[PDB]
Amino acid sequence: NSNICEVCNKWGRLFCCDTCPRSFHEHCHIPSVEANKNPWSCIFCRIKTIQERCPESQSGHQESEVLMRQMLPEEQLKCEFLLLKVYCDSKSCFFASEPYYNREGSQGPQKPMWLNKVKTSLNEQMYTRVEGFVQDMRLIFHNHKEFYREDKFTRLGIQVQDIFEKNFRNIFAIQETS
Ligand SMILES: [Zn+2]
Ligand SMILES: [Zn+2]
Ligand SMILES: [Zn+2]
């Protein structure tokens with residue numbers, strides 16, 4: 001197995017996947033690495049299995065259909081993996097914890113949002129459809145763009161949103177377009 005966490009790229013107390021060479025900190029993995037379970041398979045492995053069991057699940061889909069899906073176990077897992085892929089980028093630090101807003105010439109968002117809040121919401125099964133999760137994720141970046149206005153720091157929202165969107169299209173097999 002790898003000797004660094006797959007998400008944060010640091011050493012520490014790592015839990016190793018039994019079916020692939022990845023390792024994780026307990027709370028870097030999503031869901032948090034399960035107490036017992038030998039063997040243990042990480043979220044990457046669990047996602048690969050879904051695909052292998054139903055190869056047609058990789059055919060293209062319309063976003064509007066994906067968003068209306070109920071959060072059954074496989075969709076819950078896919079949103080967990082998508083959230084994990086965002087944490088995998090170091091720039092996610094900016095969006096992880098609860099923000100505060102006191103900048104001359106700007107007003108804070110009506111509905112603040114952040115990664116750890118989305119993580120808790122998924123853990124608590126608060127989303128009934130994929131749309132709920134995706135709306136909260138996109139709200140993170142939209143709030144950032146609006147608040148930071150013409151400051152060049154707005155770009156960090158564009159950057160992390162692009163990671164989210166690419167991974168959303170991959171994980172949910174959105175039909176490719178120009
Ligand atoms: Zn980690
Ligand atoms: Zn694995
Ligand atoms: Zn099938």
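Note that the numbering runs from 1 along the sequence shown for the chain. Both counts, for ligands and for their atoms, begin at 1 and track the order of listing.
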Looking at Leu72, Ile43, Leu82, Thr49, which one forms a side-chain contact (heavy atoms from CB on, under 4.5 Å) with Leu77? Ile43
Look at atom NE2 of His61 and say whether more than 12 heavy atoms of other residues, nucleotides or ligands are closer to it than 6.0 Å. yes
Please check if any side-chain donor atom of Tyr127 sits under 3.5 Å from a side-chain acceptor atom of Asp136, or the reverse. yes
Measure the acute angle between the ring planes of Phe141 and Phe164, then classify it against the limits of 30° and 60° as parallel, tilted or perpendicular. tilted
Do the charged groups of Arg69 and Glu65 touch, with an N to O distance under 4.0 Å? yes
For the rings on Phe24 and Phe15, is their centre-to-centre separation under 6.0 Å? no
Count, waters excluded, of protein N, O or S atoms under 2.8 Å from the Zn ion (ligand 1): 4
Could you name all protein N, O or S atoms found under 2.8 Å from the Zn ion (ligand 2)? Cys17 SG, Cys20 SG, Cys42 SG, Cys45 SG
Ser2 side chain to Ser23 side chain, donor-acceptor N/O pair below 3.5 angstrom: no
Which N, O or S atoms belonging to the protein are less than 2.8 Å from the Zn ion (ligand 3)? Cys54 SG, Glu56 OE1, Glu56 OE2
Give, for atom CZ of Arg53 and atom NZ of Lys48, the distance between the pair rounded to the nearest 0.5 Å. 14.0 Å
Residues in ring pair (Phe, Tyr, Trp, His ring centres under 6.0 Å) contact with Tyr87, at least two apart in sequence or another chain: none
Any sub-3.5 Å donor-acceptor pair from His144's side-chain atoms to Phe153's backbone N or O? yes
Pick one: which of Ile50, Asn167, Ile47, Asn170 meets side-chain contact (heavy atoms from CB on, under 4.5 Å) with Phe81? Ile47
If you round to the nearest 0.5 Å, how far is OH of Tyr148 from OG of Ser106? 9.0 Å
CD1 on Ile171 to CD on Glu75, rounded to 0.5 Å: 11.5 Å
